[PDB]
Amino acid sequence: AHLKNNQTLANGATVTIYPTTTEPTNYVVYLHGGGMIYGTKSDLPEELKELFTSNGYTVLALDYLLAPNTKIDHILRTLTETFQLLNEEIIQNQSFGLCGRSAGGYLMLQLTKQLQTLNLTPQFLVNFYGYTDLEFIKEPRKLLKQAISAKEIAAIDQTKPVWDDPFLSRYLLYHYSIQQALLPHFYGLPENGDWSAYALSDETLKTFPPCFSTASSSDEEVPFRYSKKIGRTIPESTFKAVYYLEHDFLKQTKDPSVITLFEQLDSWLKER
């Protein structure tokens, strides 16, 4: 039956499936935002989900593990595992694209590199203000003006694995770690600052499938040069800027700039 439904995979990851009206179908795997510390596959905007399903892509909105509970190296390994199970059960070697929101864009690009090794290349990629390395988190950022206290985050568990944060309850932990300079520690990044293992080279990006890439010039959370590189260094790719908006502009799908960008994405999807 073609109804939105959740499925749990062998390793405990769950996926929310939004079927198209027809069979056979193609697929897009969606990776949510939240800095790899908070958030949920449920953040997928209705309008973005529709851009995919109306174009014949069943959307697979996928869980991934969250830091500091699970370190980035492990999050990435588990994501590859999860994709392989998702392909076993649902995609079944049919064509698929990937779509990533902020940290989800980084995850998508890292997954892509790993999938090439398993003979599972995506047909295309859609990057909403992601990134290709973690260097930018070394730079000071002021994202929340008010200082978050230890008390306000004391109740958030950092120990046990977490597949989903459906009510964004871990949002403060993310911003706390930023304000307290703990984000690299939360992520498990090398203390010596050599994060080359976490970076994608231009060489690597040049081997990737076509990407539609977009970010706001006014993004204070991820420098939008990343999305320029992603849409320009990957061959046969497109970069579309939006101007004067906050980082996570998928929160504002009714904004005229975002409406225009969705028209651009729709047109680009129709050329796959």
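Residue numbers here begin at 1 and follow the sequence given.
Set 146 to 154 against 186 to 194 and average the Cα temperature factors; 146 to 154 ends up higher. Mean CA temperature factor is higher for 137 to 145 when stretches 102 to 110 and 137 to 145 are set side by side in the entry. In the PDB entry, a CA B factor belonging to the highest third of its chain's modelled residues is recorded for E246.
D165: CA B factor in the middle third of modelled residues in this chain (values from the PDB entry). In this PDB entry, the Cα temperature factor of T78 sits in the bottom third of its chain's modelled residues, the lowest group.
When the modelled residues of the chain are ordered by their C-alpha B factor, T14 lands in the middle third. Placement of the Cα temperature factor of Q180 within the chain: highest third of the modelled residues, per the deposited record.
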